[PDB]
file model-v1.cif (mmCIF, C-alpha atoms and all ligand atoms)
data_model
loop_
_atom_site.label_atom_id
_atom_site.label_comp_id
_atom_site.auth_asym_id
_atom_site.auth_seq_id
_atom_site.Cartn_x
_atom_site.Cartn_y
_atom_site.Cartn_z
CA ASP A 1 17.25 0.95 4.90
CA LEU A 2 16.71 -1.10 1.75
CA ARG A 3 18.35 -4.54 1.72
CA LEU A 4 20.17 -6.01 -1.27
CA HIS A 5 18.88 -9.12 -3.03
CA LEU A 6 20.97 -10.43 -5.92
CA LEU A 7 18.80 -11.99 -8.59
CA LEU A 8 18.16 -15.68 -8.13
CA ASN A 9 18.36 -16.06 -11.89
CA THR A 10 22.07 -15.54 -12.27
CA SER A 11 21.75 -15.54 -16.09
CA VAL A 12 20.52 -11.95 -15.70
CA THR A 13 23.67 -9.99 -15.12
CA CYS A 14 25.47 -6.71 -14.86
CA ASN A 15 27.95 -5.79 -17.59
CA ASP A 16 30.74 -8.04 -16.30
CA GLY A 17 28.57 -11.10 -15.73
CA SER A 18 28.08 -10.61 -11.99
CA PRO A 19 24.44 -11.00 -10.91
CA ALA A 20 22.20 -7.98 -11.11
CA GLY A 21 19.87 -7.29 -8.18
CA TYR A 22 17.64 -4.91 -6.30
CA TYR A 23 17.36 -3.30 -2.88
CA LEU A 24 14.01 -3.72 -1.10
CA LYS A 25 12.24 -2.34 1.96
CA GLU A 26 8.79 -3.86 2.36
CA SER A 27 5.77 -2.05 3.82
CA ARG A 28 3.27 -4.79 4.69
CA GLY A 29 -0.20 -3.50 4.43
CA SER A 30 0.78 -1.18 1.64
CA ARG A 31 -0.31 -2.26 -1.81
CA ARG A 32 1.79 0.46 -3.47
CA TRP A 33 5.15 -0.52 -4.95
CA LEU A 34 7.80 1.93 -6.17
CA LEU A 35 10.50 0.44 -8.39
CA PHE A 36 13.23 3.02 -9.06
CA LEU A 37 15.76 2.79 -11.92
CA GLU A 38 19.12 4.42 -11.18
CA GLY A 39 20.92 6.46 -13.86
CA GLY A 40 24.57 7.17 -14.65
CA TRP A 41 25.44 7.67 -18.33
CA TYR A 42 26.09 4.57 -20.51
CA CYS A 43 28.87 3.26 -22.72
CA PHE A 44 28.46 2.55 -26.42
CA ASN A 45 31.72 0.80 -27.47
CA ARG A 46 34.41 -1.47 -25.98
CA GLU A 47 36.92 1.29 -25.50
CA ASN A 48 34.65 3.55 -23.49
CA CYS A 49 33.15 0.63 -21.58
CA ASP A 50 36.65 -0.59 -20.61
CA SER A 51 37.41 2.85 -19.21
CA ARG A 52 34.09 2.95 -17.34
CA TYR A 53 34.94 -0.51 -15.93
CA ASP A 54 38.17 0.79 -14.54
CA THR A 55 36.88 3.86 -12.70
CA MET A 56 33.07 3.49 -12.56
CA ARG A 57 32.88 -0.20 -11.79
CA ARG A 58 29.83 -0.10 -9.49
CA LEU A 59 27.87 0.90 -12.63
CA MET A 60 29.07 -2.28 -14.38
CA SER A 61 29.25 -4.93 -11.67
CA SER A 62 27.61 -6.02 -8.42
CA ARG A 63 30.87 -7.35 -6.93
CA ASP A 64 31.35 -4.34 -4.65
CA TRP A 65 27.75 -3.38 -3.87
CA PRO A 66 26.91 -2.77 -0.19
CA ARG A 67 24.37 -5.00 1.49
CA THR A 68 22.09 -2.03 2.29
CA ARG A 69 21.28 1.49 1.07
CA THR A 70 19.31 4.31 2.70
CA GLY A 71 16.19 5.31 0.79
CA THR A 72 16.18 9.03 0.04
CA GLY A 73 13.79 11.45 -1.59
CA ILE A 74 10.88 9.58 -3.14
CA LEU A 75 12.45 6.36 -1.74
CA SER A 76 12.39 7.69 1.84
CA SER A 77 9.96 6.20 4.32
CA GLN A 78 9.87 9.43 6.38
CA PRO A 79 6.80 11.64 5.59
CA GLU A 80 8.78 14.83 6.13
CA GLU A 81 11.23 13.81 3.38
CA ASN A 82 8.63 12.06 1.17
CA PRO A 83 5.13 13.53 1.47
CA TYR A 84 4.06 11.53 -1.57
CA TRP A 85 4.65 7.78 -1.02
CA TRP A 86 6.41 7.42 2.34
CA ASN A 87 4.43 4.26 3.22
CA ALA A 88 5.06 2.40 -0.06
CA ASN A 89 7.08 -0.75 -0.65
CA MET A 90 10.43 0.64 -1.87
CA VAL A 91 12.71 -0.92 -4.51
CA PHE A 92 15.97 0.59 -5.81
CA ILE A 93 17.29 -1.21 -8.88
CA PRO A 94 21.01 -0.38 -9.42
CA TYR A 95 22.06 0.53 -12.93
CA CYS A 96 24.78 -1.92 -13.91
CA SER A 97 24.07 -2.48 -17.60
CA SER A 98 25.28 0.86 -19.11
CA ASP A 99 22.61 0.59 -21.81
CA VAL A 100 19.90 3.09 -20.77
CA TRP A 101 17.97 0.03 -19.51
CA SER A 102 17.46 -1.10 -23.13
CA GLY A 103 19.64 -4.18 -23.55
CA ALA A 104 18.77 -7.83 -23.95
CA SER A 105 22.23 -9.24 -24.79
CA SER A 106 24.25 -11.66 -22.67
CA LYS A 107 28.00 -11.89 -22.30
CA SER A 108 29.32 -14.53 -24.64
CA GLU A 109 32.36 -15.48 -26.62
CA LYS A 110 31.31 -12.70 -29.04
CA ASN A 111 30.48 -10.09 -26.34
CA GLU A 112 32.94 -8.79 -23.76
CA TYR A 113 30.03 -7.30 -21.76
CA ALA A 114 26.39 -8.19 -21.13
CA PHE A 115 23.83 -5.45 -21.82
CA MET A 116 20.75 -6.73 -20.03
CA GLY A 117 18.93 -3.67 -18.63
CA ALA A 118 15.54 -4.57 -20.08
CA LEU A 119 15.87 -8.14 -18.80
CA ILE A 120 17.01 -6.96 -15.35
CA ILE A 121 13.78 -5.03 -14.97
CA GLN A 122 11.70 -8.01 -16.04
CA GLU A 123 13.56 -10.34 -13.67
CA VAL A 124 13.23 -7.97 -10.71
CA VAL A 125 9.48 -7.78 -11.33
CA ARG A 126 9.22 -11.57 -11.60
CA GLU A 127 11.10 -12.17 -8.35
CA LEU A 128 9.15 -9.48 -6.45
CA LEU A 129 5.83 -11.10 -7.33
CA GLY A 130 6.74 -13.81 -4.80
CA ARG A 131 7.71 -11.20 -2.16
CA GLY A 132 4.40 -9.31 -2.08
CA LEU A 133 4.13 -7.60 -5.46
CA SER A 134 1.41 -10.09 -6.49
CA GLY A 135 -0.89 -8.23 -4.10
CA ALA A 136 -0.12 -4.78 -5.44
CA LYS A 137 -2.65 -2.20 -6.60
CA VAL A 138 -0.15 0.21 -8.15
CA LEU A 139 3.36 -0.43 -9.45
CA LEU A 140 5.07 2.91 -10.14
CA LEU A 141 8.16 2.37 -12.29
CA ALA A 142 10.25 5.47 -11.59
CA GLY A 143 13.78 6.41 -12.56
CA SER A 144 16.23 9.25 -12.93
CA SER A 145 18.50 10.30 -15.82
CA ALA A 146 19.30 7.13 -17.81
CA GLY A 147 16.75 5.50 -15.49
CA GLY A 148 14.14 8.09 -16.50
CA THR A 149 14.62 7.14 -20.12
CA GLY A 150 14.53 3.53 -18.89
CA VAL A 151 11.01 4.15 -17.58
CA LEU A 152 9.87 5.36 -21.00
CA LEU A 153 11.44 2.31 -22.68
CA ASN A 154 10.16 -0.26 -20.20
CA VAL A 155 6.91 0.80 -18.49
CA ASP A 156 4.67 -0.78 -21.13
CA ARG A 157 6.76 -3.95 -21.12
CA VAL A 158 6.26 -4.29 -17.36
CA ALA A 159 2.52 -3.78 -17.91
CA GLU A 160 2.48 -6.47 -20.60
CA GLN A 161 4.58 -8.83 -18.45
CA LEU A 162 2.15 -8.60 -15.54
CA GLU A 163 -0.86 -9.05 -17.84
CA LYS A 164 0.67 -12.16 -19.42
CA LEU A 165 1.56 -13.50 -15.98
CA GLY A 166 -2.07 -13.26 -14.85
CA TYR A 167 -1.96 -10.03 -12.78
CA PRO A 168 -4.37 -7.67 -14.62
CA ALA A 169 -5.31 -5.78 -11.43
CA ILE A 170 -1.87 -4.26 -10.90
CA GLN A 171 -1.95 -0.73 -12.33
CA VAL A 172 1.47 -0.02 -13.90
CA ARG A 173 2.46 3.64 -14.14
CA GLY A 174 5.70 5.46 -14.93
CA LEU A 175 7.58 8.40 -13.40
CA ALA A 176 10.37 9.52 -15.74
CA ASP A 177 12.74 12.05 -14.10
CA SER A 178 15.46 13.78 -16.13
CA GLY A 179 15.13 11.28 -18.98
CA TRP A 180 13.36 13.48 -21.54
CA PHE A 181 16.05 14.49 -24.05
CA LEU A 182 16.09 16.40 -27.33
CA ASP A 183 17.89 15.01 -30.39
CA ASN A 184 19.05 18.54 -31.12
CA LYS A 185 22.12 20.11 -32.70
CA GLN A 186 25.15 20.68 -30.48
CA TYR A 187 26.11 24.25 -29.64
CA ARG A 188 29.65 23.54 -30.91
CA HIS A 189 30.10 20.38 -32.96
CA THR A 190 32.23 17.50 -31.64
CA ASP A 191 32.94 14.23 -33.32
CA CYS A 192 31.61 11.30 -31.32
CA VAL A 193 34.94 10.47 -29.68
CA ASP A 194 33.92 9.66 -26.09
CA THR A 195 30.75 9.32 -24.05
CA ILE A 196 29.82 12.63 -22.49
CA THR A 197 30.12 14.98 -25.46
CA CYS A 198 28.86 12.62 -28.20
CA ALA A 199 25.81 14.26 -29.81
CA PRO A 200 22.50 12.70 -28.68
CA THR A 201 21.48 11.13 -32.00
CA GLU A 202 24.90 9.61 -32.57
CA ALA A 203 25.21 8.26 -29.04
CA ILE A 204 21.91 6.37 -29.27
CA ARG A 205 22.43 5.22 -32.87
CA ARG A 206 25.74 3.67 -31.74
CA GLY A 207 24.42 2.36 -28.45
CA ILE A 208 21.30 0.63 -29.69
CA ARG A 209 23.47 -1.46 -32.02
CA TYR A 210 26.18 -2.24 -29.46
CA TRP A 211 23.62 -3.12 -26.75
CA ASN A 212 21.14 -4.96 -28.96
CA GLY A 213 18.74 -2.45 -27.45
CA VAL A 214 15.00 -2.99 -27.45
CA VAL A 215 12.33 -0.29 -27.62
CA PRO A 216 8.55 -0.28 -27.10
CA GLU A 217 6.70 -2.14 -29.83
CA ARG A 218 4.31 0.57 -30.99
CA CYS A 219 7.19 3.00 -31.33
CA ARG A 220 9.29 0.38 -33.15
CA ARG A 221 6.44 -0.17 -35.60
CA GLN A 222 6.44 3.55 -36.45
CA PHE A 223 10.16 4.10 -36.93
CA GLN A 224 11.05 0.57 -38.17
CA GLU A 225 14.30 -1.32 -38.45
CA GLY A 226 17.40 0.83 -38.40
CA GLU A 227 15.54 3.78 -36.89
CA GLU A 228 14.66 2.49 -33.41
CA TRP A 229 17.09 5.02 -31.87
CA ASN A 230 14.19 7.50 -32.24
CA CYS A 231 12.32 5.70 -29.50
CA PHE A 232 14.88 6.77 -26.83
CA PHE A 233 13.63 10.38 -27.24
CA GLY A 234 10.69 11.06 -24.89
CA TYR A 235 8.77 13.33 -27.22
CA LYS A 236 8.71 10.57 -29.89
CA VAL A 237 8.14 7.53 -27.66
CA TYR A 238 5.69 9.07 -25.16
CA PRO A 239 2.65 9.30 -27.54
CA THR A 240 3.03 5.60 -28.24
CA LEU A 241 2.82 4.51 -24.59
CA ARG A 242 -0.35 3.18 -22.98
CA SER A 243 0.62 3.29 -19.29
CA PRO A 244 0.15 6.63 -17.49
CA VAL A 245 3.52 8.42 -17.31
CA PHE A 246 4.38 11.51 -15.29
CA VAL A 247 7.35 13.40 -16.74
CA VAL A 248 9.74 15.39 -14.49
CA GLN A 249 12.30 17.38 -16.48
CA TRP A 250 14.43 20.44 -15.84
CA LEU A 251 14.12 22.76 -18.82
CA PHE A 252 17.92 23.20 -18.79
CA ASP A 253 19.08 19.73 -17.80
CA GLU A 254 22.84 19.60 -17.26
CA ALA A 255 23.20 16.27 -19.04
CA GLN A 256 21.34 17.67 -22.08
CA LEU A 257 23.71 20.64 -22.10
CA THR A 258 26.74 18.33 -21.73
CA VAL A 259 25.79 16.21 -24.75
CA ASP A 260 25.16 19.55 -26.53
CA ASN A 261 28.78 20.61 -25.77
CA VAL A 262 27.75 23.55 -23.57
CA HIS A 263 29.81 24.22 -20.46
CA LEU A 264 28.68 27.17 -18.36
CA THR A 265 31.77 28.77 -16.90
CA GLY A 266 30.23 31.42 -14.68
CA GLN A 267 31.78 33.73 -17.25
CA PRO A 268 29.54 36.14 -19.17
CA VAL A 269 27.24 34.45 -21.67
CA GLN A 270 27.49 35.83 -25.21
CA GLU A 271 24.55 36.27 -27.59
CA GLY A 272 24.94 33.02 -29.52
CA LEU A 273 24.96 30.91 -26.37
CA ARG A 274 22.15 32.94 -24.80
CA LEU A 275 19.98 32.28 -27.88
CA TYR A 276 20.97 28.57 -27.85
CA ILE A 277 19.95 28.17 -24.20
CA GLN A 278 16.71 30.13 -24.64
CA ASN A 279 15.76 28.04 -27.65
CA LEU A 280 16.54 24.81 -25.78
CA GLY A 281 14.19 25.69 -22.97
CA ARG A 282 11.48 26.76 -25.41
CA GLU A 283 11.83 23.49 -27.36
CA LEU A 284 11.60 21.44 -24.18
CA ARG A 285 8.52 23.38 -23.08
CA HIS A 286 6.97 22.80 -26.50
CA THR A 287 7.47 19.04 -26.28
CA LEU A 288 5.69 18.98 -22.91
CA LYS A 289 2.65 21.06 -23.93
CA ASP A 290 0.51 17.93 -24.52
CA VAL A 291 1.93 15.87 -21.62
CA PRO A 292 -0.84 16.23 -19.01
CA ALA A 293 1.17 14.97 -16.02
CA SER A 294 4.47 16.80 -15.91
CA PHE A 295 6.69 18.96 -13.72
CA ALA A 296 9.27 20.99 -15.65
CA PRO A 297 11.03 23.77 -13.73
CA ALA A 298 13.19 26.39 -15.42
CA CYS A 299 16.45 25.38 -13.73
CA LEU A 300 19.93 24.34 -14.73
CA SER A 301 20.33 21.16 -12.67
CA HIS A 302 20.27 17.35 -12.80
CA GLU A 303 17.94 14.69 -11.36
CA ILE A 304 15.33 15.42 -8.70
CA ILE A 305 13.46 12.57 -7.30
CA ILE A 306 15.88 10.67 -4.91
CA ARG A 307 17.53 13.81 -3.50
CA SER A 308 16.59 14.40 0.13
CA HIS A 309 15.51 18.00 -0.64
CA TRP A 310 13.37 17.06 -3.65
CA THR A 311 10.45 18.63 -1.75
CA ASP A 312 11.75 22.18 -2.12
CA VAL A 313 11.24 23.03 -5.81
CA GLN A 314 7.85 24.39 -6.87
CA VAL A 315 6.29 25.34 -10.18
CA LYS A 316 3.43 27.82 -10.02
CA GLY A 317 3.41 27.33 -6.26
CA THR A 318 3.06 23.52 -6.33
CA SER A 319 5.79 21.06 -5.25
CA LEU A 320 6.54 17.81 -7.05
CA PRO A 321 5.28 15.62 -4.14
CA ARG A 322 2.01 17.56 -4.29
CA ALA A 323 1.76 17.22 -8.10
CA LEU A 324 2.38 13.46 -7.80
CA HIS A 325 -0.36 13.19 -5.14
CA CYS A 326 -2.67 15.14 -7.49
CA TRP A 327 -1.73 12.68 -10.24
CA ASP A 328 -2.71 9.78 -7.96
CA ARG A 329 -6.07 11.46 -7.32
CA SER A 330 -6.57 12.00 -11.06
CA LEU A 331 -6.13 8.24 -11.68
CA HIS A 332 -8.83 7.23 -9.19
CA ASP A 333 -11.51 5.20 -10.98
CA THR A 334 -11.80 16.33 -15.22
CA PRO A 335 -9.24 18.53 -13.44
CA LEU A 336 -9.08 18.84 -9.67
CA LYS A 337 -9.66 22.01 -7.69
CA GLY A 338 -6.33 23.29 -6.35
CA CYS A 339 -4.52 20.04 -7.26
CA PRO A 340 -2.75 20.51 -10.59
CA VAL A 341 -0.77 17.91 -12.51
CA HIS A 342 0.58 19.89 -15.52
CA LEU A 343 3.28 22.21 -14.19
CA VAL A 344 5.69 23.55 -16.82
CA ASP A 345 7.56 26.80 -16.27
CA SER A 346 7.24 29.48 -18.94
CA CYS A 347 10.10 31.71 -18.00
CA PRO A 348 13.04 31.53 -20.42
CA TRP A 349 16.34 31.39 -18.48
CA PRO A 350 17.82 29.06 -15.83
CA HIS A 351 16.92 30.07 -12.27
CA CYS A 352 14.07 32.33 -13.37
CA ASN A 353 12.15 30.05 -11.00
CA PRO A 354 13.31 31.21 -7.52
CA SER A 355 12.88 27.71 -6.07
CA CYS A 356 15.54 26.11 -8.27
CA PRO A 357 18.20 24.05 -6.42
CA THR A 358 20.86 26.39 -5.21
CA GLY A 359 23.79 24.07 -5.77
CA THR A 360 24.77 24.51 -2.10
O1 LIG B 401 22.28 9.00 -16.74
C1 LIG B 401 22.57 10.18 -17.02
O2 LIG B 401 23.16 10.96 -16.20
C2 LIG B 401 22.22 10.94 -18.37
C3 LIG B 401 23.32 11.29 -19.08
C4 LIG B 401 22.72 11.45 -20.60
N1 LIG B 401 21.77 10.45 -20.60
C5 LIG B 401 20.91 10.23 -21.76
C6 LIG B 401 19.87 9.33 -21.67
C7 LIG B 401 19.04 9.16 -22.77
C8 LIG B 401 19.33 9.87 -23.93
CL1 LIG B 401 18.24 9.63 -25.30
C9 LIG B 401 20.41 10.74 -23.98
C10 LIG B 401 20.74 11.51 -25.25
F1 LIG B 401 21.88 12.21 -25.11
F2 LIG B 401 20.94 10.67 -26.31
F3 LIG B 401 19.78 12.36 -25.58
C11 LIG B 401 21.23 10.92 -22.91
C12 LIG B 401 21.32 9.97 -19.25
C1 LIG B 402 16.66 -16.51 -16.43
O1 LIG B 402 16.46 -15.45 -17.35
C2 LIG B 402 16.59 -15.86 -18.71
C3 LIG B 402 16.56 -14.61 -19.57
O2 LIG B 402 15.58 -13.69 -19.12
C4 LIG B 402 15.48 -16.85 -19.04
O3 LIG B 402 15.62 -17.28 -20.38
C5 LIG B 402 15.56 -18.04 -18.10
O4 LIG B 402 14.43 -18.88 -18.29
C6 LIG B 402 15.60 -17.59 -16.64
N1 LIG B 402 15.87 -18.71 -15.76
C7 LIG B 402 14.97 -19.22 -14.90
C8 LIG B 402 15.44 -20.37 -14.06
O5 LIG B 402 13.83 -18.77 -14.82
#

call {"tool": "encode", "arguments": {"input": "model-v1.cif", "output": "structure tokens"}}
result
Amino acid sequence: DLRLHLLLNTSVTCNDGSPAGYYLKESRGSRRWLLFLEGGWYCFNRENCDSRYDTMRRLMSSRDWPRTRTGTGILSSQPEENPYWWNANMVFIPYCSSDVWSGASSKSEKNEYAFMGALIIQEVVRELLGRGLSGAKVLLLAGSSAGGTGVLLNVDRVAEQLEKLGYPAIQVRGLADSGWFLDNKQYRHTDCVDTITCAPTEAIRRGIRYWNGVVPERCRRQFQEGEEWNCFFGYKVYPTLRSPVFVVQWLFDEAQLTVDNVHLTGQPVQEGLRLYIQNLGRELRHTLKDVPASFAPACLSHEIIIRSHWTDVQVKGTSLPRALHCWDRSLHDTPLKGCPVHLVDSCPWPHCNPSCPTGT
């Protein structure tokens, strides 16, 4: 079990001004730290955020958080469930800022809600330094869905924070799960009227302004003012990052298909939709060709790494826990015999990989 700590700096808050926080299970005598960013959509205007506050309040407030959580998947301390990092210090950072971990804006007389995701990460890191993180060798910033994009947006800022604080020996790395989106055309066009079916480019263009969102500096310098939304898209921000980042991404991610206004009904798939889905998977594969540490199975699914059965999927015969272990070996101070790190399916249709999650 991981135990809740609300941030001592109560200026760093969830959307409604309640303190943000983190859940921690220490492993003395491990110098590995895993800091995991939770996902769960976002809200990009007052109207949608008010609705989210009414029926998704745990994603906007710490008032009702439990005092513990059980670590699962990559956050499990059992080797059977987590062959990769079962002995690590484990941190789960709840997503309560609704901003894709990008915001640096407090609640004020001008702002109904605080969007502080980027500051929450920084504050968690600062407070953990006093609880053992100062002795770390590796800090893996991991996250799923909105938290996977959060890793891309924040890993280099964590690295720079630790450098500036006088901790150059902590190696900061990122693990971005289900956060690698395409700013593509919807299958059928919707106007951006609510959250889940707003087209990707429009959702981020609106959100970055509403959240006062911040993006990595090198990417900001490329796209410049008014175009920083581009830096939420993995294929554009990734080449600008300095920290090692391992990318986990289903080729047919259900959240990608949702923002693309595709709903698979179990009904027969007609030619236009078949072509749309095949081209989506091919585009995703193309964007990963030059990502050396990646795991991209040809499945229709959502979010892998904190599920208890995350061990089961394989690409080319290699599981994600194995690929992550191979990645660790590759970052010891040339490819490794039988220990691959670039694992992207080539087959063109969901579930062409037999190891895809069954949905059971
Ligand atoms: O948390 C979650 O379940 C998912 C839901 C969709 N989502 C997300 C995150 C980043 C970006 Cl860039 C985009 C998009 F649509 F603009 F591409 C969507 C995280
Ligand atoms: C709390 O966080 C804010 C924003 O990150 C910062 O300006 C302030 O100095 C912090 N407070 C303390 C006591 O460190």

call {"tool": "closest_atom_pairs", "arguments": {"input": "model-v1.cif", "of": "chain A", "to": "ligand LIG 402 (chain B)", "cutoff": "8 Å", "atoms": "all atoms listed in the file", "output": "tab-separated table"}}
result
residue	atom	partner	partner_atom	distance
A:9	CA	B:LIG402	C1	4.9
A:10	CA	B:LIG402	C1	6.9
A:11	CA	B:LIG402	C1	5.2
A:12	CA	B:LIG402	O1	5.6
A:119	CA	B:LIG402	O2	5.6
A:120	CA	B:LIG402	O2	7.8
A:122	CA	B:LIG402	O2	7.5
A:123	CA	B:LIG402	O2	6.7

call {"tool": "closest_residue", "arguments": {"input": "model-v1.cif", "among": "A:7, A:133, A:204, A:291", "to": "ligand LIG 401 (chain B)", "atoms": "only C-alpha atoms and all ligand atoms"}}
result
A:204

call {"tool": "closest_residue", "arguments": {"input": "model-v1.cif", "among": "A:356, A:264, A:288, A:192", "to": "residue 310 in chain A", "atoms": "all atoms listed in the file"}}
result
A:356

call {"tool": "closest_atom_pairs", "arguments": {"input": "model-v1.cif", "of": "chain A", "to": "ligand LIG 401 (chain B)", "cutoff": "8 Å", "atoms": "all atoms listed in the file", "output": "tab-separated table"}}
result
residue	atom	partner	partner_atom	distance
A:38	CA	B:LIG401	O1	7.9
A:39	CA	B:LIG401	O1	4.1
A:40	CA	B:LIG401	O1	3.6
A:41	CA	B:LIG401	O1	3.8
A:42	CA	B:LIG401	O1	7.0
A:100	CA	B:LIG401	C6	6.3
A:144	CA	B:LIG401	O1	7.2
A:145	CA	B:LIG401	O1	4.1
A:146	CA	B:LIG401	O1	3.7
A:147	CA	B:LIG401	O1	6.7
A:148	CA	B:LIG401	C6	7.8
A:149	CA	B:LIG401	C7	5.5
A:178	CA	B:LIG401	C12	7.7
A:179	CA	B:LIG401	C6	5.8
A:180	CA	B:LIG401	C7	7.2
A:181	CA	B:LIG401	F3	4.6
A:182	CA	B:LIG401	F3	5.7
A:183	CA	B:LIG401	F3	5.8
A:196	CA	B:LIG401	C4	7.4
A:198	CA	B:LIG401	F1	7.6
A:199	CA	B:LIG401	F1	6.5
A:200	CA	B:LIG401	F2	3.5
A:201	CA	B:LIG401	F2	5.7
A:202	CA	B:LIG401	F2	7.5
A:203	CA	B:LIG401	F2	5.6
A:204	CA	B:LIG401	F2	5.3
A:232	CA	B:LIG401	CL1	4.7
A:233	CA	B:LIG401	CL1	5.1
A:234	CA	B:LIG401	CL1	7.7
A:255	CA	B:LIG401	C3	5.0
A:256	CA	B:LIG401	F1	6.3
A:259	CA	B:LIG401	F1	5.6
A:302	CA	B:LIG401	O2	7.8

call {"tool": "closest_atom_pairs", "arguments": {"input": "model-v1.cif", "of": "range 278-354 of chain A", "to": "range 76-87 of chain A", "cutoff": "10 Å", "atoms": "all atoms listed in the file", "output": "Markdown table"}}
result
| residue | atom | partner | partner_atom | distance |
| --- | --- | --- | --- | --- |
| A:305 | CA | A:82 | CA | 9.8 |
| A:306 | CA | A:76 | CA | 8.2 |
| A:307 | CA | A:81 | CA | 9.3 |
| A:308 | CA | A:81 | CA | 6.3 |
| A:309 | CA | A:81 | CA | 7.2 |
| A:310 | CA | A:81 | CA | 8.0 |
| A:311 | CA | A:81 | CA | 7.1 |
| A:320 | CA | A:84 | CA | 8.7 |
| A:321 | CA | A:84 | CA | 5.0 |
| A:322 | CA | A:84 | CA | 6.9 |
| A:323 | CA | A:84 | CA | 9.0 |
| A:324 | CA | A:84 | CA | 6.7 |
| A:325 | CA | A:84 | CA | 5.9 |
| A:326 | CA | A:84 | CA | 9.7 |
| A:328 | CA | A:84 | CA | 9.5 |

call {"tool": "residues_around", "arguments": {"input": "model-v1.cif", "residues": "residue 206 in chain A", "least_positions_apart": "5", "cutoff": "9 Å", "atoms": "only C-alpha atoms", "output": "ChimeraX atom specification"}}
result
/A:44-45,201,211,229

call {"tool": "write_last_selection", "arguments": {"input": "model-v1.cif", "atoms": "C-alpha atoms", "output": "mmCIF file, in the frame of the given file"}}
result
data_model
loop_
_atom_site.group_PDB
_atom_site.id
_atom_site.type_symbol
_atom_site.label_atom_id
_atom_site.label_comp_id
_atom_site.auth_asym_id
_atom_site.auth_seq_id
_atom_site.Cartn_x
_atom_site.Cartn_y
_atom_site.Cartn_z
ATOM 1 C CA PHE A 44 28.460 2.550 -26.420
ATOM 2 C CA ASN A 45 31.720 0.800 -27.470
ATOM 3 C CA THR A 201 21.480 11.130 -32.000
ATOM 4 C CA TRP A 211 23.620 -3.120 -26.750
ATOM 5 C CA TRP A 229 17.090 5.020 -31.870
#

call {"tool": "atom_distance", "arguments": {"input": "model-v1.cif", "atom1": "CA of residue 126 in chain A", "atom2": "CA of residue 6 in chain A"}}
result
13.1 Å

call {"tool": "closest_residue", "arguments": {"input": "model-v1.cif", "among": "A:114, A:140, A:176, A:277", "to": "residue 17 in chain A", "atoms": "all atoms listed in the file"}}
result
A:114

call {"tool": "residues_near_point", "arguments": {"input": "model-v1.cif", "point": "(6.5, 11.6, -33.7)", "cutoff": "12 Å", "atoms": "all atoms listed in the file", "output": "list in words"}}
result
residues 218, 219, 220, 221, 222, 223, 230, 231, 232, 233, 234, 235, 236, 237, 238, 239, 240 and 287 of chain A

call {"tool": "residues_around", "arguments": {"input": "model-v1.cif", "residues": "residue 3 in chain A", "least_positions_apart": "4", "cutoff": "9 Å", "atoms": "all atoms listed in the file", "output": "list in words"}}
result
residues 22, 23, 24, 25, 66, 67, 68, 69 and 70 of chain A

call {"tool": "closest_residue", "arguments": {"input": "model-v1.cif", "among": "A:169, A:344, A:118, A:8", "to": "residue 134 in chain A", "atoms": "all atoms listed in the file"}}
result
A:169

call {"tool": "residues_near_point", "arguments": {"input": "model-v1.cif", "point": "(28.2, -1.6, -9.6)", "cutoff": "9 Å", "atoms": "all atoms listed in the file", "output": "ChimeraX atom specification"}}
result
/A:14,20,56-65,94-96

call {"tool": "residues_around", "arguments": {"input": "model-v1.cif", "residues": "range 246-250 of chain A", "least_positions_apart": "5", "cutoff": "7 Å", "atoms": "all atoms listed in the file", "output": "number ranges by chain"}}
result
A: 174-178, 180, 293-301

call {"tool": "atom_distance", "arguments": {"input": "model-v1.cif", "atom1": "CA of residue 127 in chain A", "atom2": "CA of residue 73 in chain A"}}
result
24.7 Å

call {"tool": "closest_residue", "arguments": {"input": "model-v1.cif", "among": "A:26, A:16, A:333, A:156", "to": "residue 113 in chain A", "atoms": "all atoms listed in the file"}}
result
A:16

call {"tool": "residues_around", "arguments": {"input": "model-v1.cif", "residues": "residue 167 in chain A", "least_positions_apart": "3", "cutoff": "12 Å", "atoms": "all atoms listed in the file", "output": "list in words"}}
result
residues 125, 126, 129, 133, 134, 135, 136, 137, 138, 139, 158, 159, 160, 161, 162, 163, 164, 170, 171 and 172 of chain A

call {"tool": "atom_distance", "arguments": {"input": "model-v1.cif", "atom1": "CA of residue 166 in chain A", "atom2": "CA of residue 124 in chain A"}}
result
16.7 Å

call {"tool": "closest_residue", "arguments": {"input": "model-v1.cif", "among": "A:359, A:18, A:52, A:34", "to": "residue 194 in chain A", "atoms": "all atoms listed in the file"}}
result
A:52

call {"tool": "axis_aligned_box", "arguments": {"input": "model-v1.cif", "around": "range 5-24 of chain A", "padding_each_side": "3 Å", "output": "JSON"}}
result
{"center_x": 22.4, "center_y": -9.7, "center_z": -9.3, "size_x": 22.7, "size_y": 18.8, "size_z": 22.5}
